[PDB]
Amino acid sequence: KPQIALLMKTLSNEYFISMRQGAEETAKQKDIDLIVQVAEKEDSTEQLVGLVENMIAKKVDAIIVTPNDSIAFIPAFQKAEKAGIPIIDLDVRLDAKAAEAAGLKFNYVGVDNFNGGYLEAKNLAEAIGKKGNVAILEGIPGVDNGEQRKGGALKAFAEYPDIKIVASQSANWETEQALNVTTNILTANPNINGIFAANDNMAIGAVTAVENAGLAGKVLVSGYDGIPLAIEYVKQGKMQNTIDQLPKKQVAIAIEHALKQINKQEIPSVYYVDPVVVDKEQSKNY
């Protein structure tokens, strides 16, 4: 009965709670013994590497890890290759050029976050009337997934000359911070009518601001991940859209990909699940 480790940067997020649950359903279905270990602060890279190497030391059958740093985990991954343990890079993608440099072959599973943001910004751009002033809420500075979604958004508003990015501030993926930041951003420009948030938590924090500010219906918010509560807000109209990243399908493919590599079959180096744009008429399905 093969023993697989899932090593996660956090569980404080609802999104990962969702992925962990889907992970355990796939584990049960495929008769896998599944070992979940979570890092303590979301941003502590060292401790997570700590965790990966432990699993190497325990000679676990496979490891699925959601990295904490695109580069820090490379020596970890090429230690796992030397211990002949297959290993799947989930969610956050390791630096390709850096991986190239060190002779490392590694396998990712996720989504195009650039595309996801492009698709997500584009929908809100259209929603606020191809016109207005937008403000971007970003994740923890540096993380690829966050910046990718930003670059994605930026490309999209660049297509609407009557939409101008007037505010961009990091809310670090936390609801409570995005409420603070959004409030301070809404006072700063009263001509803001649309809010792009790079995850579902900051979108929720951003909606609470506009409704606090008596601005419901007058500023439209987009999010990213597709968590239940975001989806509900989309139903009620409190949100314009979120992008369902399919976190269960992702980690399902991760576990499916580990198993193949345990049985010495080839997997793609990259696998991008196809995200869904979730707005009120696609909301009918959620």
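So that there is no doubt, residue numbering starts at 1 and follows the sequence shown.
Q: Once you work out the mean C-alpha B-factor for both 62 to 70 and 236 to 244 from the entry, which is higher?
A: Mean CA B-factor is higher for 62 to 70.
Q: Comparing 110 to 118 with 133 to 141, which has the greater mean CA B-factor as deposited?
A: Averaging CA B-factors over each stretch, the winner is 133 to 141.
Q: In terms of CA temperature factor as recorded, identify the highest of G151, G205, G84, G103.
A: Highest C-alpha B-factor among the listed options: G103.
Q: Between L229, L259, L34, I56, where does the Cα B-factor run highest in the record?
A: Of the candidates given, the C-alpha B-factor peaks at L34.
Q: With respect to C-alpha B-factor, does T182 fall in the lowest, middle or highest third of the chain as deposited?
A: Bottom third by C-alpha B-factor.
Q: Taking the C-alpha B-factors as the PDB entry records them, is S222 in the lowest, middle or highest third of its chain?
A: Answer is lowest: the recorded C-alpha B-factor places it there.
Q: Which third, lowest, middle or highest, does the CA B-factor of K41 fall in along this chain?
A: Tercile = highest for this residue's CA B-factor.
Q: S170's Cα B-factor: lowest, middle or highest third of the chain?
A: Middle third, going by the recorded CA B-factors of the chain.
Q: Sort the modelled residues of this chain by their C-alpha B factor and say whether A209 lands in the lowest, middle or highest third.
A: For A209, the deposited C-alpha B-factor lands in the lowest third.
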